[PDB]
2 protein chains.
Amino acid sequence: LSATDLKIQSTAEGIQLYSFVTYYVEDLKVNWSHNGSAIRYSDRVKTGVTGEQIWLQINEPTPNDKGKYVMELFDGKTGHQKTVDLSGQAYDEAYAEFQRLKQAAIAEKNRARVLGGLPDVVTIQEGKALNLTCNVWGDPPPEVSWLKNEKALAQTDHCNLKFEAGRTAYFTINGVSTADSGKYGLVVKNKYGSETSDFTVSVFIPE
Amino acid sequence: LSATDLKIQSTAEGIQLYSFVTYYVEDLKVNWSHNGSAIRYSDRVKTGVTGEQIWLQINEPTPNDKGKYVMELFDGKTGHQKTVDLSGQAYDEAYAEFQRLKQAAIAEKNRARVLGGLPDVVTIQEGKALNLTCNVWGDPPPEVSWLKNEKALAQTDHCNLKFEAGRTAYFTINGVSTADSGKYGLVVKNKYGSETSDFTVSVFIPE
């Protein structure tokens with residue numbers, strides 16, 4: 001038996017402590033205490049083992065969560081305990097690092113994204129009308145622009161482009177001509193990022 | 001100068017009488033009479049010439065329109081005339097048919113139809129979402145149903161079908177699988193008639 005000294009790790013969700021067990025054990029009984037007391041567990045405070053990584057997740061920590069953490073292990077023959085002080089500098093840095101990681105995750109969750117809707121290729125009979133729709137996402141709401149052959153595309157009454165509720169981009173051609181065939185793109189953009197969706201419109205001429 | 005016997009023809013608007021002059025009318029006069037009296041013309045009772053067809057149109061006819069019709073073709077001091085008796089069984093039949101044709105024109109005008117929107121075929125990468133939209137019209141507003149490989153299709157959370165304001169049909173696949181590929185159809189219908197719009201969904205599997 002052996003366990004590495006307890007580590008403090010900031011995540012996007014809070015602070016976790018963990019220790020890695022040495023060279024495999026197949027029923028380590030684990031008990032964690034906080035300032036000498038057993039930890040009541042919740043969706044907020046949880047513990048687990050992932051292989052030989054024994055851990056404790058303290059979501060959204062407060063000064064309330066500061067203090068002495070003891071991890072107690074038992075493999076059947078021998079006991080072992082590891083300790084860490086979630087206090088002072090250790091907590092100041094970890095709390096500060098948490099907050100930055102929390103803010104980064106907000107960026108990743110809220111960056112502008114194409115959710116779906118546009119097919120890669122549509123084939124259509126010349127003269128028929130075409131309605132395409134792309135669901136997008138962004139917080140703050142994104143900007144959308146459209147491309148044809150990689151250059152900016154303006155809305156006309158013929159090839160009409162609409163964007164509603166910061167969520168839905170419409171592409172409508174009122175009677176597709178061969179001139180309307182080509183490689184189109186939608187781009188959505190906000191402050192956290194940017195995504196594109198491409199589609200080809202091809203046309204066949206009827207009798 | 002030869003003309004065909006006057007025939008009676010029912011139309012969606014009324015009853016027409018017409019002859020064909022087997023020869024030709026240049027500076028040639030034409031007078032119509034009803035019971036030996038000259039015809040009062042209006043927007044209800046019209047006369048015209050279309051090539052060799054010399055016609056009288058009686059819109060919205062009643063039994064008061066019954067009687068002997070003469071068509072006089074006049075070239076100088078010479079007349080060639082034709083007579084037809086619009087009465088009894090000849091009238092009754094022409095009227096009944098006129099009513100039936102008038103009702104067909106209501107159906108033709110107001111029947112449910114596809115305005116456009118759907119492409120003939122889409123190609124999409126497996127796993128990507130797809131939005132398709134069809135604009136429909138009828139008076140009264142129609143109802144719609146969908147087919148897949150010529151069988152009734154039911155809206156699920158995965159293959160979602162909505163129909164809004166009696167005029168816009170939405171088809172949405174939340175992550176197109178190869179099992180979702182096939183020949184689909186939108187069927188639009190009201191009391192006056194119906195239309196189908198066909199589209200094929202094809203899929204390729206990505207790396």
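Structure determination for the deposited model, as stated in its record, used X-ray crystallography, and the stated resolution is 2.24 Å.

**Student:** Break down the environment of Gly175 of chain A for me, citing the residues and quoting the values.
**Tutor:** Tracing the sequence through the fold places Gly175 of chain A in the loop between β15 (168–173) and β16 (182–190). When neighbours within four sequence positions are excluded, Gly175 of chain A is seen to be in contact with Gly127, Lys128, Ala129, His158 and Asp180 of chain A.

**Student:** Give a detailed account of helix α1 (residues 88–110) of chain B, specifying residues and quantitative values.
**Tutor:** Owing to its 3.6 residues per turn, the α-helix aligns residues three or four sequence positions apart on the same side. All names here are of chain B. With 23 residues, α1 extends 33 Å from end C-alpha to end C-alpha; this agrees with the ideal 33 Å at 1.5 Å per step. Considered for burial, the residues of α1 that qualify are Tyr91, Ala94, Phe98, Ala107 and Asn110. If you follow the buried residues of α1, they end up packed against β1 (7–10), β2 (14–20), β8 (79–86), β9 (113–116), β11 (130–137) and β16 (182–190).

**Student:** Describe the relation of the copies chain B and chain A, and please don't skip the residues or the numbers.
**Tutor:** Each copy of the sequence occupies a distinct position, and chain B is placed on chain A by a rotation of 169° and an axial shift of 0.8 Å, giving an RMSD of 2.7 Å. Here 100% of the contact residues of chain B are again contact residues in chain A; the copies associate through an equivalent surface.

**Student:** Kindly report on the interface of chain B and chain A, identifying the contributing residues and their values.
**Tutor:** Accessible area lost upon the coming together of the parts is a frequently used measure of interface size. Taken together, the contact between chain B and chain A spans 18 residues of the former and 18 residues of the latter. Between chain B and chain A lies a buried interface of about 1400 Å² when both sides are counted; carbon and sulfur atoms form 41% of it. In this assembly, chain B and chain A are joined by two salt bridges. Counting the contacts that link chain B with chain A gives 16 residue pairs in polar contact. Listing elements by their share of the side of chain B that touches chain A, those giving two or more residues are β10 (121–125) and β11 of chain B. Considered class by class, the residues forming the side of chain B that touches chain A number nine nonpolar, seven polar and two charged. Relative to β10 of chain B, strand β10 (residues 121–125) of chain A runs antiparallel, the two being bridged by three bridges. Its bridge partner being in β10 of chain B, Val122 of chain A is matched across the sheet by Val122 of chain B.

**Student:** Break down the side chain of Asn160 of chain B for me, with residues and values.
**Tutor:** All names here are of chain B. Relative to the helices and strands, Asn160 is located in strand β14 (residues 159–164). Owing to a relative accessible area of 13%, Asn160 belongs among the buried residues under this scheme. If we ignore the near neighbours within four places in the chain, the residues touching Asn160 are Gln155, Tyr170, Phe171 and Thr172.

**Student:** How would you sum up the nonpolar core? Please name residues and give values.
**Tutor:** In a soluble, globular protein the nonpolar side chains are often hidden away together inside. Of all hydrophobic cores here, the largest spans 43 residues; its most connected members are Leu130, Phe171 and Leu186 of chain A together with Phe171 of chain B. In terms of nonpolar packing, the next biggest core, distinct from the first, is built from 20 residues, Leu28, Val45, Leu73 and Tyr91 of chain B among them.

**Student:** Account for the sheet that holds strand β12 (residues 143–148) of chain B, with residues named and values stated.
**Tutor:** Taken in spatial order, the 10 strands make up an open sheet running β13(A)-β12(A)-β16(A)-β17(A)-β10(A)-β10(B)-β17(B)-β16(B)-β12(B)-β13(B), and their pairing is mixed. In this open sheet, the two strands that pair with only one neighbour each are β13 (151–153) of chain A together with β13 (151–153) of chain B. Put simply, the sheet's adjacent strands are angled 30° from each other on average, direction ignored. In the sheet, β10 of chain A pairs with strand β17 (residues 193–204) of chain A via five bridges, with the strands oriented parallel. Bridged to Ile124 of chain A within β17 of chain A is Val203 of chain A.

**Student:** Can you lay out the pattern of salt bridges for me, pointing to particular residues and giving the numbers?
**Tutor:** With the rule as written, the count across this model stands at 14 salt bridges over all chains. The closest approach of N and O atoms between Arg44 of chain B and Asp65 of chain B, which form a salt bridge, is 2.8 Å. Residue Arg44 of chain B is found in the loop between β4 (37–38) and β5 (45–50), and its partner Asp65 of chain B is found in the loop between β6 (53–59) and β7 (67–74); the two are separated by 21 residues along the sequence. Taking the relative accessible area as the measure of exposure, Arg44 of chain B reaches 31% and is therefore partly exposed. Overlapping salt bridges bring together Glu108, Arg111, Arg113 and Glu195 of chain A as one network.

**Student:** Describe in detail the packing of aromatic side chains, supporting the description with residues and values.
**Tutor:** If you walk through the whole model with that rule in mind, you get 16 aromatic pairs over all chains. Ring plane angle 85° and centroid distance 5.0 Å describe the contact between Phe171 of chain A and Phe199 of chain A, whose orientation is recorded as edge-to-face. Taken together, the positions of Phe171 of chain A in strand β15 and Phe199 of chain A in strand β17 put the pair 28 residues apart, joining distant regions of the chain. Centre to centre, the rings of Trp146 of chain B and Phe199 of chain B are 6.4 Å apart; their planes meet at 90°, and the pair counts as edge-to-face. Of this pair, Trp146 of chain B sits in strand β12 while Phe199 of chain B is found in strand β17 (residues 193–204), placing the two residues 53 residues apart along the sequence. On the accessibility criterion, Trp146 of chain B (5% relative accessible area) is buried. In textbook terms, an aromatic cluster arises when at least three aromatic residues are bridged by ring pairs, as seen for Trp146, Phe171, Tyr184 and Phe199 of chain A.

Definitions and cut-offs
Residues numbered from 1 in each chain as written, not as in the entry; some residues may be left out. Chains lettered and ligands numbered in written order. Heavy atoms only, no water. Residues with missing side-chain atoms left out of burial classes, pairs and counts. Helix = DSSP H or I, 4+ residues; strand = E, 2+ residues; numbered from the N terminus. Contact = heavy atoms within 4.5 Å. Expected span 1.5 Å × (residues − 1). Buried < 20%, exposed > 50% of the residue type's maximum accessible area, 1.4 Å probe, protein only. Least-squares fit on C-alpha atoms. Buried area = accessible area lost by both parts, 1.4 Å probe. Salt bridge = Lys/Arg side-chain N within 4 Å of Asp/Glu carboxyl O. Polar contact = N/O pair within 3.5 Å; in protein donor to acceptor, adjacent residues only side chain to side chain. Nonpolar A, V, L, I, M, F, W, Y, C, P; charged D, E, K, R; others polar. Pairing = 2+ DSSP bridges. Core = buried A, V, L, I, M, F, W, Y, C linked by side-chain atoms within 4.5 Å. Axes fitted to C-alpha atoms, helices over the stretch in contact; angles between N-to-C directions. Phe/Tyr/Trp six-rings, centres within 6.5 Å; stacked < 30°, edge-to-face > 60°.

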